[PDB]
Each structure stands twice: as C-alpha cells, then as structure tokens.
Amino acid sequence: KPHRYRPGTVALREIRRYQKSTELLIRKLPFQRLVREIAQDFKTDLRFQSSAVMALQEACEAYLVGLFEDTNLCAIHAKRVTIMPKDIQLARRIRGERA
C-alpha cells in the first residue's frame, strides 16, 4: 500500500541534510557560464582562473545562504513558514543592500 511522508517532513529532513553538509549546491558548469556571460557583458575576451570562478561561487553561495537565513526570519516574523519575495526585500532593505 502506497506510502507518503507528510508535507514538510522531507523539508526538515532536507534542512538537516544540507546544514550538516559543506558542498556547493549550484551546478558547477551552469554557474561558470553565468560568470562568463556576465563578465563578457562588462569586458570582452576575458579568461578566468578555474580558482577564480570557484572563489566567486563560494562567495555567491555563501551570500545566498546568508540571505535566505534573514529571509526566513522575516517570514517567521510575519507569522508564516513560507518565504516570499516580500521577505527577501525586507531583509535586503534592512541589510542596507538596496533600501
């Protein structure tokens, strides 16, 4: 007989998993293309040290995870458990990033 984890159970599982973890969470190549695109729109004919592309990813994923923490706090603050774009915006406004 078919068996289902209740909604929100795999999420908690997923949190405990990824926080215990240390690995990059964005795919290596899709991100590198993004980097080479954005860069190229600012300057052409650019080469990148494989380490420089990694350094950027490390920083970016660091940033986004940090950002999602604060986001999740504004969601809870608003008596919700679901993050919304409104929450990201409050986080960023207060972080001073662009108020």
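Position 1 is the first residue in the sequence shown; the rest follow in order.
Relative to one another, 39 to 47 and 55 to 63 have unequal mean CA B-factors, and 39 to 47 is the one with the higher figure. Residue-level temperature factors show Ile76 in the highest third of its chain, judged at the C-alpha atom. For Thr9, the recorded CA B-factor ranks within the highest third of the chain. Only modelled residues enter the ranking.
In this PDB entry, the Cα temperature factor of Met84 sits in the middle third of its chain's modelled residues.
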